Structure formats: C-alpha cells, structure tokens
Amino acid sequence: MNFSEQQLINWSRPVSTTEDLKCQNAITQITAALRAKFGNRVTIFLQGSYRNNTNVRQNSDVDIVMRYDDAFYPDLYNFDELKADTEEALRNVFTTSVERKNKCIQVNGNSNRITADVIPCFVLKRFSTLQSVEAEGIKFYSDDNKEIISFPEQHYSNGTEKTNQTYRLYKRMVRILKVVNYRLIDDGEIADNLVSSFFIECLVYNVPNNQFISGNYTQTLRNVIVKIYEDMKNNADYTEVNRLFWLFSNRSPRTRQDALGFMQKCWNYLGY
C-alpha cells in the first residue's frame, strides 16, 4: 500500500495534549474568569479530543465544559440566561477574543494559549434502554434551538478501557483515521462534515478487540476499515462509546452510508 508501517505509527501519536503549556494556560485563565462569576456553583471539566487524547493537529482548540449544577452538587435559571452570563464572564476578561457560537462561547487564543470552546450546560439524566439504567450526562441548547445531550464521562471511561485492552491500538487507529479525514478534506475529496471525531471514535469502538493486532499497525488498520465497511453494508447496530445509546439512533442525522463512504475513501487513499 501507499504508506509504510512507520508512517502509520507516526500518524497514530497524539499531537496536542493537556501537557502542552498553551493548553494549561488556556484552562487556567478561562477557569479563573468563570469562577469569578459562578464560584463553586459550576463543575469545570474537559470533553472532546483533549479529554479523550485523540488530537492529531498542533495547537488544537480545547473543549472546556462548564456545568452549572448547584441544584445537584450544592455547596457543602434558564439556559439562555446561563449562556449570556457565561459570555459576559468571559468577555470581562478576554474582551475582543470572545465570540458567541451556536453551541459554545469561543475564546480565541494567542501566542501563549490555545483557543477554547467554553460549553455552558446543565446536568442531564436519561434512562438508557440499552443498559436499563438511568444515566447522568450533560445537556445544553444551541442557538438554533437544538437540545444537545452528551455523556462525556462514560465516553471517556469506555474508550480508555478499550484502548487498554487493545495494546493501545484503539485510540491509535482513531488518530490515524482522523489524519486521513483531514487529508481527504484538504484535498476536496469529502465534505468537512461527512464524519466527526466523535463519529470516528464510535465506529472504531465497535470493532471487536480481537481485530487489534499487537505490533502490526498496517494489518490492524486494514482489519478496522474492512470490519466497519462490512458492518455498514450489513446494517450493524453500533453503540456510542458510552454504551448507553445507539450510534445510528433516530436522534442522529449521521448514517451508516456516511460511514461506508468514509471507509471507502480511506481504503482508496491508503492504497490497500
């Protein structure tokens, strides 16, 4: 094929991480701005690629979640107000670097800190029929009125467990496929929203552990692509990484066809 084993290994490494000084600086500065307004009435934590350690680009933006949760985690109000107050707290400190977005408040970075997407949200509890239990996550509303729900803790823990069981290859394969995604987007071969990091992470998560071959990146990646591709042709019932909800649920607009087409473009780009 087109790329060597060593090239795949290189592509499998995390690039931006929470050890980076500019990431630490962003979290420190934004946390202080938020605490000045909200005190202990919020929990601050990370989600997305810095949390799951799946960044494949330099100086990537970090997703900082600000969960307003005084009612559930008290000290031992509608969403529109929360988001406006969050924007105000950030603008008081970062002034012109602050931009309101559909699903977050963006704080643009600078020479000494990465850009951050600050995600105000509330506690969310929902029953999972998959596990027949109530699950806790977060919820927020987009400016175009969508209810966005996330289970970042369960996503984090399940993905970490899987990579620990697959010779660390689960997340390494996610990272390789994210690299290929960005290359295909840059080349104009696929739309920039055909897949997402979350979608890729869920697809690879459903590949059985016995497909990940210790010390063989080329064959593992072949196994991953072939398995997802065949599963999509076969109408497979994939779960999200959180194992609480279905990947191809009627709440989600992404389809098995999106995954099938992406796998095909990856196969062709890699030259298997």
# chains A, B, ... in the order shown; residues from 1 in each chain; ligands from 1
call {"tool": "closest_atom_pairs", "arguments": {"of": "region 136-223 of chain A", "to": "region 111-128 of chain A", "cutoff": "12 Å", "atoms": "only C-alpha atoms", "output": "CSV"}}
result
residue,atom,partner,partner_atom,distance
A:136,CA,A:125,CA,4.5
A:137,CA,A:124,CA,5.0
A:138,CA,A:124,CA,4.6
A:139,CA,A:122,CA,5.4
A:140,CA,A:121,CA,4.7
A:141,CA,A:121,CA,8.0
A:142,CA,A:119,CA,10.3
A:147,CA,A:121,CA,10.6
A:148,CA,A:121,CA,9.4
A:149,CA,A:124,CA,7.5
A:150,CA,A:124,CA,8.4
A:151,CA,A:124,CA,8.9
A:152,CA,A:124,CA,11.5
call {"tool": "write_last_selection", "arguments": {"atoms": "C-alpha atoms", "output": "CSV table (one decimal), in the first residue's frame"}}
result
chain,number,residue,atom,x,y,z
A,136,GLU,CA,-26.2,11.1,34.0
A,137,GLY,CA,-24.6,13.4,31.5
A,138,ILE,CA,-25.0,17.0,30.4
A,139,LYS,CA,-27.4,19.0,28.2
A,140,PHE,CA,-27.3,22.3,26.6
A,141,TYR,CA,-29.2,24.2,23.8
A,142,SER,CA,-27.8,25.5,20.5
A,147,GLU,CA,-31.3,20.1,22.6
A,148,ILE,CA,-27.7,18.7,22.7
A,149,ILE,CA,-27.0,15.8,25.1
A,150,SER,CA,-23.6,14.3,25.9
A,151,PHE,CA,-22.2,11.6,28.2
A,152,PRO,CA,-18.6,12.6,28.3
call {"tool": "residues_around", "arguments": {"residues": "residue 247 (chain A)", "least_positions_apart": "3", "cutoff": "7 Å", "atoms": "only C-alpha atoms", "output": "PyMOL selection string"}}
result
chain A and resi 238-240
call {"tool": "write_last_selection", "arguments": {"atoms": "N, CA and C atoms", "output": "PDB file, in the first residue's frame"}}
result
ATOM      1  N   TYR A 238     -24.466  -0.472  15.889  1.00  0.00           N
ATOM      2  CA  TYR A 238     -23.336   0.039  16.655  1.00  0.00           C
ATOM      3  C   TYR A 238     -23.826   0.853  17.847  1.00  0.00           C
ATOM      4  N   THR A 239     -23.060   0.821  18.937  1.00  0.00           N
ATOM      5  CA  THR A 239     -23.350   1.697  20.065  1.00  0.00           C
ATOM      6  C   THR A 239     -22.446   2.930  20.012  1.00  0.00           C
ATOM      7  N   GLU A 240     -22.856   3.979  20.703  1.00  0.00           N
ATOM      8  CA  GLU A 240     -21.904   5.032  21.020  1.00  0.00           C
ATOM      9  C   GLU A 240     -20.865   4.453  21.981  1.00  0.00           C
TER      10      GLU A 240
END
call {"tool": "select_by_dssp", "arguments": {"residues": "region 72-258 of chain A", "states": "alpha helix (DSSP H)", "output": "VMD selection string"}}
result
chain A and resid 79 to 94 152 to 165 169 to 186 197 to 205 217 to 233 256 to 258
call {"tool": "write_last_selection", "arguments": {"atoms": "C-alpha atoms", "output": "PDB file, in the first residue's frame"}}
result
ATOM      1  CA  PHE A  79     -30.253  28.172  29.632  1.00  0.00           C
ATOM      2  CA  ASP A  80     -30.448  31.475  27.740  1.00  0.00           C
ATOM      3  CA  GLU A  81     -29.515  33.295  30.957  1.00  0.00           C
ATOM      4  CA  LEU A  82     -26.712  30.821  31.714  1.00  0.00           C
ATOM      5  CA  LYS A  83     -25.155  31.209  28.274  1.00  0.00           C
ATOM      6  CA  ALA A  84     -25.421  35.000  28.355  1.00  0.00           C
ATOM      7  CA  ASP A  85     -23.855  35.111  31.832  1.00  0.00           C
ATOM      8  CA  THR A  86     -21.051  32.806  30.646  1.00  0.00           C
ATOM      9  CA  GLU A  87     -20.368  35.055  27.652  1.00  0.00           C
ATOM     10  CA  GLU A  88     -20.282  38.088  29.974  1.00  0.00           C
ATOM     11  CA  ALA A  89     -17.875  36.443  32.425  1.00  0.00           C
ATOM     12  CA  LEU A  90     -15.509  35.611  29.572  1.00  0.00           C
ATOM     13  CA  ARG A  91     -15.815  38.985  27.834  1.00  0.00           C
ATOM     14  CA  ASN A  92     -14.994  40.821  31.079  1.00  0.00           C
ATOM     15  CA  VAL A  93     -11.558  39.143  30.962  1.00  0.00           C
ATOM     16  CA  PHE A  94     -10.824  38.293  27.314  1.00  0.00           C
ATOM     17  CA  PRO A 152     -18.582  12.588  28.262  1.00  0.00           C
ATOM     18  CA  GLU A 153     -17.640  10.643  31.389  1.00  0.00           C
ATOM     19  CA  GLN A 154     -18.897   7.315  30.066  1.00  0.00           C
ATOM     20  CA  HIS A 155     -17.387   8.061  26.654  1.00  0.00           C
ATOM     21  CA  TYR A 156     -14.036   8.775  28.297  1.00  0.00           C
ATOM     22  CA  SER A 157     -14.034   5.725  30.565  1.00  0.00           C
ATOM     23  CA  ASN A 158     -15.209   3.208  27.957  1.00  0.00           C
ATOM     24  CA  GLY A 159     -12.773   4.457  25.346  1.00  0.00           C
ATOM     25  CA  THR A 160      -9.891   4.322  27.820  1.00  0.00           C
ATOM     26  CA  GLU A 161     -10.859   0.783  28.786  1.00  0.00           C
ATOM     27  CA  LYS A 162     -10.955  -0.335  25.160  1.00  0.00           C
ATOM     28  CA  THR A 163      -7.552   1.138  24.331  1.00  0.00           C
ATOM     29  CA  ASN A 164      -6.156  -0.524  27.451  1.00  0.00           C
ATOM     30  CA  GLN A 165      -7.465  -3.864  26.143  1.00  0.00           C
ATOM     31  CA  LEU A 169      -4.318   0.451  19.306  1.00  0.00           C
ATOM     32  CA  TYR A 170      -7.963   1.573  19.650  1.00  0.00           C
ATOM     33  CA  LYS A 171      -7.087   5.251  20.016  1.00  0.00           C
ATOM     34  CA  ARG A 172      -4.062   4.928  17.743  1.00  0.00           C
ATOM     35  CA  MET A 173      -6.384   3.746  14.960  1.00  0.00           C
ATOM     36  CA  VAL A 174      -8.808   6.571  15.708  1.00  0.00           C
ATOM     37  CA  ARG A 175      -5.933   9.032  15.349  1.00  0.00           C
ATOM     38  CA  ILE A 176      -4.782   7.536  12.031  1.00  0.00           C
ATOM     39  CA  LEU A 177      -8.305   7.762  10.629  1.00  0.00           C
ATOM     40  CA  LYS A 178      -8.601  11.367  11.848  1.00  0.00           C
ATOM     41  CA  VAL A 179      -5.366  12.140   9.977  1.00  0.00           C
ATOM     42  CA  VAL A 180      -6.791  10.569   6.816  1.00  0.00           C
ATOM     43  CA  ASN A 181     -10.052  12.516   7.321  1.00  0.00           C
ATOM     44  CA  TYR A 182      -8.210  15.845   7.463  1.00  0.00           C
ATOM     45  CA  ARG A 183      -6.180  14.925   4.366  1.00  0.00           C
ATOM     46  CA  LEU A 184      -9.293  13.956   2.405  1.00  0.00           C
ATOM     47  CA  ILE A 185     -10.960  17.235   3.451  1.00  0.00           C
ATOM     48  CA  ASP A 186      -7.903  19.289   2.484  1.00  0.00           C
ATOM     49  CA  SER A 197     -14.065  12.890  15.622  1.00  0.00           C
ATOM     50  CA  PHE A 198     -16.944  11.572  17.737  1.00  0.00           C
ATOM     51  CA  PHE A 199     -18.303   9.542  14.814  1.00  0.00           C
ATOM     52  CA  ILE A 200     -14.881   8.030  14.028  1.00  0.00           C
ATOM     53  CA  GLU A 201     -14.330   7.214  17.713  1.00  0.00           C
ATOM     54  CA  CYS A 202     -17.683   5.399  17.858  1.00  0.00           C
ATOM     55  CA  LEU A 203     -17.099   3.477  14.612  1.00  0.00           C
ATOM     56  CA  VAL A 204     -13.711   2.132  15.706  1.00  0.00           C
ATOM     57  CA  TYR A 205     -15.081   1.402  19.186  1.00  0.00           C
ATOM     58  CA  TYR A 217      -0.357  -1.235  12.619  1.00  0.00           C
ATOM     59  CA  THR A 218      -0.758  -1.956   8.897  1.00  0.00           C
ATOM     60  CA  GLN A 219      -2.822  -5.112   9.405  1.00  0.00           C
ATOM     61  CA  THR A 220      -4.780  -3.676  12.352  1.00  0.00           C
ATOM     62  CA  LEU A 221      -5.809  -0.667  10.258  1.00  0.00           C
ATOM     63  CA  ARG A 222      -6.785  -2.990   7.404  1.00  0.00           C
ATOM     64  CA  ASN A 223      -8.904  -5.019   9.849  1.00  0.00           C
ATOM     65  CA  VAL A 224     -10.581  -1.892  11.244  1.00  0.00           C
ATOM     66  CA  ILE A 225     -11.509  -0.473   7.832  1.00  0.00           C
ATOM     67  CA  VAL A 226     -12.736  -3.806   6.465  1.00  0.00           C
ATOM     68  CA  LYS A 227     -14.808  -4.533   9.576  1.00  0.00           C
ATOM     69  CA  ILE A 228     -16.565  -1.136   9.665  1.00  0.00           C
ATOM     70  CA  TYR A 229     -17.139  -1.220   5.889  1.00  0.00           C
ATOM     71  CA  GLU A 230     -18.688  -4.677   6.000  1.00  0.00           C
ATOM     72  CA  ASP A 231     -20.712  -3.837   9.122  1.00  0.00           C
ATOM     73  CA  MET A 232     -22.221  -0.800   7.373  1.00  0.00           C
ATOM     74  CA  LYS A 233     -23.228  -2.872   4.349  1.00  0.00           C
ATOM     75  CA  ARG A 256     -24.331   4.092   8.009  1.00  0.00           C
ATOM     76  CA  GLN A 257     -23.917   5.323   4.429  1.00  0.00           C
ATOM     77  CA  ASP A 258     -21.764   8.188   5.691  1.00  0.00           C
TER      78      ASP A 258
END
call {"tool": "residues_around", "arguments": {"residues": "residue 26 (chain A)", "least_positions_apart": "3", "cutoff": "10 Å", "atoms": "only C-alpha atoms", "output": "VMD selection string"}}
result
chain A and resid 21 to 23 29 to 31 61 to 62 64 107 to 110 112 to 116
call {"tool": "write_last_selection", "arguments": {"atoms": "C-alpha atoms", "output": "mmCIF file, in the first residue's frame"}}
result
data_model
loop_
_atom_site.group_PDB
_atom_site.id
_atom_site.type_symbol
_atom_site.label_atom_id
_atom_site.label_comp_id
_atom_site.auth_asym_id
_atom_site.auth_seq_id
_atom_site.Cartn_x
_atom_site.Cartn_y
_atom_site.Cartn_z
ATOM 1 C CA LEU A 21 1.832 24.701 28.147
ATOM 2 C CA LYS A 22 -0.573 26.608 25.899
ATOM 3 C CA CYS A 23 -3.396 24.211 26.811
ATOM 4 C CA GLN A 29 -7.109 31.596 32.507
ATOM 5 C CA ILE A 30 -10.628 30.591 31.463
ATOM 6 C CA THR A 31 -11.279 28.810 34.754
ATOM 7 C CA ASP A 61 -8.787 24.064 20.284
ATOM 8 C CA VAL A 62 -9.856 22.644 23.684
ATOM 9 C CA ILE A 64 -13.982 23.272 28.290
ATOM 10 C CA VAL A 107 -12.358 32.339 23.481
ATOM 11 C CA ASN A 108 -9.744 32.880 20.782
ATOM 12 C CA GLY A 109 -6.192 32.087 21.801
ATOM 13 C CA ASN A 110 -2.937 33.953 21.334
ATOM 14 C CA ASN A 112 0.601 31.841 24.927
ATOM 15 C CA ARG A 113 -2.725 29.983 24.958
ATOM 16 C CA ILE A 114 -4.800 27.799 22.671
ATOM 17 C CA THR A 115 -8.309 28.693 21.590
ATOM 18 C CA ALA A 116 -11.050 27.311 23.807
#
call {"tool": "select_by_dssp", "arguments": {"residues": "region 13-252 of chain A", "states": "strand (DSSP E or B)", "output": "PyMOL selection string"}}
result
chain A and resi 42-47+62-68+98-100+105-107+110+113+116-128+133-141+147-150+239+246
call {"tool": "atom_distance", "arguments": {"atom1": "CA of residue 248 (chain A)", "atom2": "CA of residue 168 (chain A)"}}
result
26.0 Å
call {"tool": "atom_distance", "arguments": {"atom1": "CA of residue 12 (chain A)", "atom2": "CA of residue 236 (chain A)"}}
result
26.4 Å
call {"tool": "residues_around", "arguments": {"residues": "residue 76 (chain A)", "least_positions_apart": "2", "cutoff": "10 Å", "atoms": "only C-alpha atoms", "output": "PyMOL selection string"}}
result
chain A and resi 40+73-74
call {"tool": "write_last_selection", "arguments": {"atoms": "C-alpha atoms", "output": "PDB file, in the first residue's frame"}}
result
ATOM      1  CA  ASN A  40     -18.466  26.760  43.209  1.00  0.00           C
ATOM      2  CA  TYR A  73     -23.968  19.347  43.597  1.00  0.00           C
ATOM      3  CA  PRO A  74     -24.636  22.141  46.099  1.00  0.00           C
TER       4      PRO A  74
END
call {"tool": "atom_distance", "arguments": {"atom1": "CA of residue 269 (chain A)", "atom2": "CA of residue 58 (chain A)"}}
result
22.5 Å
call {"tool": "residues_around", "arguments": {"residues": "residue 4 (chain A)", "least_positions_apart": "2", "cutoff": "12 Å", "atoms": "only C-alpha atoms", "output": "list in words"}}
result
residues 1, 2, 6, 7, 8, 9, 10, 11, 216, 217, 218, 219, 270, 271 and 272 of chain A
call {"tool": "closest_residue", "arguments": {"among": "A:166, A:131, A:234, A:102", "to": "residue 145 (chain A)", "atoms": "only C-alpha atoms"}}
result
A:102
call {"tool": "closest_residue", "arguments": {"among": "A:265, A:251, A:243, A:103", "to": "residue 195 (chain A)", "atoms": "only C-alpha atoms"}}
result
A:265
call {"tool": "decode", "arguments": {"residues": "region 134-262 of chain A", "atoms": "C-alpha atoms", "output": "tab-separated table (two decimals), in the first residue's frame"}}
result
chain	number	residue	atom	x	y	z
A	134	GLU	CA	-30.69	5.98	34.42
A	135	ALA	CA	-27.53	7.65	33.11
A	136	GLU	CA	-26.16	11.08	34.03
A	137	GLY	CA	-24.57	13.38	31.49
A	138	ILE	CA	-24.96	16.99	30.36
A	139	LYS	CA	-27.39	18.97	28.24
A	140	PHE	CA	-27.31	22.35	26.55
A	141	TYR	CA	-29.19	24.17	23.81
A	142	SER	CA	-27.84	25.50	20.54
A	143	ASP	CA	-28.75	28.96	19.32
A	144	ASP	CA	-30.76	27.26	16.53
A	145	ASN	CA	-32.80	25.57	19.31
A	146	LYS	CA	-31.46	22.02	19.36
A	147	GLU	CA	-31.25	20.11	22.63
A	148	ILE	CA	-27.71	18.73	22.70
A	149	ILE	CA	-27.04	15.81	25.07
A	150	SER	CA	-23.65	14.30	25.90
A	151	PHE	CA	-22.25	11.58	28.17
A	152	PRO	CA	-18.58	12.59	28.26
A	153	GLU	CA	-17.64	10.64	31.39
A	154	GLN	CA	-18.90	7.31	30.07
A	155	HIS	CA	-17.39	8.06	26.65
A	156	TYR	CA	-14.04	8.78	28.30
A	157	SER	CA	-14.03	5.72	30.57
A	158	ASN	CA	-15.21	3.21	27.96
A	159	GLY	CA	-12.77	4.46	25.35
A	160	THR	CA	-9.89	4.32	27.82
A	161	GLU	CA	-10.86	0.78	28.79
A	162	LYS	CA	-10.96	-0.34	25.16
A	163	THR	CA	-7.55	1.14	24.33
A	164	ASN	CA	-6.16	-0.52	27.45
A	165	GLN	CA	-7.47	-3.86	26.14
A	166	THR	CA	-6.25	-3.48	22.54
A	167	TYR	CA	-2.49	-2.93	23.01
A	168	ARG	CA	-3.27	0.82	22.94
A	169	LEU	CA	-4.32	0.45	19.31
A	170	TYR	CA	-7.96	1.57	19.65
A	171	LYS	CA	-7.09	5.25	20.02
A	172	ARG	CA	-4.06	4.93	17.74
A	173	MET	CA	-6.38	3.75	14.96
A	174	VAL	CA	-8.81	6.57	15.71
A	175	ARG	CA	-5.93	9.03	15.35
A	176	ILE	CA	-4.78	7.54	12.03
A	177	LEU	CA	-8.31	7.76	10.63
A	178	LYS	CA	-8.60	11.37	11.85
A	179	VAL	CA	-5.37	12.14	9.98
A	180	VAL	CA	-6.79	10.57	6.82
A	181	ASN	CA	-10.05	12.52	7.32
A	182	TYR	CA	-8.21	15.85	7.46
A	183	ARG	CA	-6.18	14.92	4.37
A	184	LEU	CA	-9.29	13.96	2.40
A	185	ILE	CA	-10.96	17.23	3.45
A	186	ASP	CA	-7.90	19.29	2.48
A	187	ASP	CA	-7.82	17.51	-0.89
A	188	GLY	CA	-11.50	18.24	-1.50
A	189	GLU	CA	-12.36	14.54	-1.63
A	190	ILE	CA	-15.01	14.62	1.13
A	191	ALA	CA	-17.03	17.33	2.85
A	192	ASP	CA	-15.62	18.71	6.08
A	193	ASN	CA	-18.67	17.34	7.95
A	194	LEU	CA	-19.01	13.87	6.39
A	195	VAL	CA	-17.68	12.47	9.66
A	196	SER	CA	-16.63	13.93	13.01
A	197	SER	CA	-14.07	12.89	15.62
A	198	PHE	CA	-16.94	11.57	17.74
A	199	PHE	CA	-18.30	9.54	14.81
A	200	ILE	CA	-14.88	8.03	14.03
A	201	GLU	CA	-14.33	7.21	17.71
A	202	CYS	CA	-17.68	5.40	17.86
A	203	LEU	CA	-17.10	3.48	14.61
A	204	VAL	CA	-13.71	2.13	15.71
A	205	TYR	CA	-15.08	1.40	19.19
A	206	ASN	CA	-17.45	-1.19	17.71
A	207	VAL	CA	-14.64	-3.15	16.04
A	208	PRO	CA	-14.08	-6.26	18.22
A	209	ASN	CA	-10.97	-6.26	20.38
A	210	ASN	CA	-9.60	-9.35	18.61
A	211	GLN	CA	-9.13	-7.32	15.40
A	212	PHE	CA	-6.36	-5.23	17.00
A	213	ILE	CA	-3.01	-6.95	16.42
A	214	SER	CA	-0.15	-6.15	18.76
A	215	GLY	CA	2.75	-4.58	16.89
A	216	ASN	CA	1.09	-4.63	13.45
A	217	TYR	CA	-0.36	-1.24	12.62
A	218	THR	CA	-0.76	-1.96	8.90
A	219	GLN	CA	-2.82	-5.11	9.41
A	220	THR	CA	-4.78	-3.68	12.35
A	221	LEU	CA	-5.81	-0.67	10.26
A	222	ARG	CA	-6.79	-2.99	7.40
A	223	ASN	CA	-8.90	-5.02	9.85
A	224	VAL	CA	-10.58	-1.89	11.24
A	225	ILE	CA	-11.51	-0.47	7.83
A	226	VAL	CA	-12.74	-3.81	6.46
A	227	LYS	CA	-14.81	-4.53	9.58
A	228	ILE	CA	-16.57	-1.14	9.67
A	229	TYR	CA	-17.14	-1.22	5.89
A	230	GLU	CA	-18.69	-4.68	6.00
A	231	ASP	CA	-20.71	-3.84	9.12
A	232	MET	CA	-22.22	-0.80	7.37
A	233	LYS	CA	-23.23	-2.87	4.35
A	234	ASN	CA	-24.75	-5.30	6.87
A	235	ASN	CA	-26.88	-2.76	8.76
A	236	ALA	CA	-24.99	-3.24	12.02
A	237	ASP	CA	-26.30	-1.94	15.35
A	238	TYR	CA	-23.34	0.04	16.66
A	239	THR	CA	-23.35	1.70	20.07
A	240	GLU	CA	-21.90	5.03	21.02
A	241	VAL	CA	-18.70	4.70	23.05
A	242	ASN	CA	-20.82	5.43	26.14
A	243	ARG	CA	-22.64	2.09	25.56
A	244	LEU	CA	-25.86	3.77	26.68
A	245	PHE	CA	-27.35	4.73	23.30
A	246	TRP	CA	-27.25	3.56	19.70
A	247	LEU	CA	-24.88	5.22	17.25
A	248	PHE	CA	-27.48	5.15	14.45
A	249	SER	CA	-30.39	6.32	16.59
A	250	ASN	CA	-33.27	8.29	15.15
A	251	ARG	CA	-31.96	11.31	17.09
A	252	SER	CA	-28.77	11.37	14.98
A	253	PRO	CA	-28.62	12.56	11.35
A	254	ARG	CA	-25.37	10.68	10.54
A	255	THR	CA	-25.97	7.42	8.72
A	256	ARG	CA	-24.33	4.09	8.01
A	257	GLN	CA	-23.92	5.32	4.43
A	258	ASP	CA	-21.76	8.19	5.69
A	259	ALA	CA	-19.54	5.66	7.45
A	260	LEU	CA	-19.47	3.33	4.42
A	261	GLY	CA	-18.44	6.14	2.10
A	262	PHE	CA	-15.77	7.36	4.51
